[PDB]
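In the form deposited in one PDB entry, a lone chain appears below as structure tokens.
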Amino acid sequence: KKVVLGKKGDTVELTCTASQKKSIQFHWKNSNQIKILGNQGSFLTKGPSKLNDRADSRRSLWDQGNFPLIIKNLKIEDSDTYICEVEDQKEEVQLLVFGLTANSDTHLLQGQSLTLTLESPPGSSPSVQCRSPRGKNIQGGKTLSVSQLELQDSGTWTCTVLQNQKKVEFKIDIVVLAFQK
């Protein structure tokens, strides 16, 4: 068993190594026996998988016994367990895709609120934790908010999602106007 976390729209790679350094036959599937990726001799194939045009591998490593499944432009529905059947084996792996976004535009005013919403696939209890440039940090189960927004908050916010003892980063740029008198 192994758990991997990915960012929405990003590109995640799932490894799968064999025992020998010879390009052998492999293929990936999901939780419902749905054929995702696989190889036929030295050629690559794709299945009726709902991730077809977004799934791929790296033939450059096949000679080294490595048959990864790289999924680009991540989506929430891509969250699921994947299996890599090679040389009579099943290196399972669970995937959890996450996405964090601000409900309001970056251009905000001193004193306004900032709500960060996180996207998590059904059946998942991740812990959110963002930090502002000045050190203001908030924690939330699904949504985090900051009632009043200080000028010193303008800048990059670092967020961290904790799921299955794992974590991933999220950089959100914010801007706050510093009025005059």
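Definition used throughout: the rigid core is the maximal C-alpha set that superposes within 1.5 Å between two forms. In case it trips you up, residue 1 is the first one in the sequence shown, and so on.
Below: the form deposited in another entry, not depicted.
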Aligned on the rigid core, do the two forms place the Cα of residue 110 2 Å or more apart, comparing between the shown form and the other one? yes
Residue shift check between the shown form and the other one, rigid core fit, residue 70 Cα at least 2 Å: no
Fitting the rigid core first, would the Cα of residue 152 be found 2 Å or more away between the shown form and the other one? yes
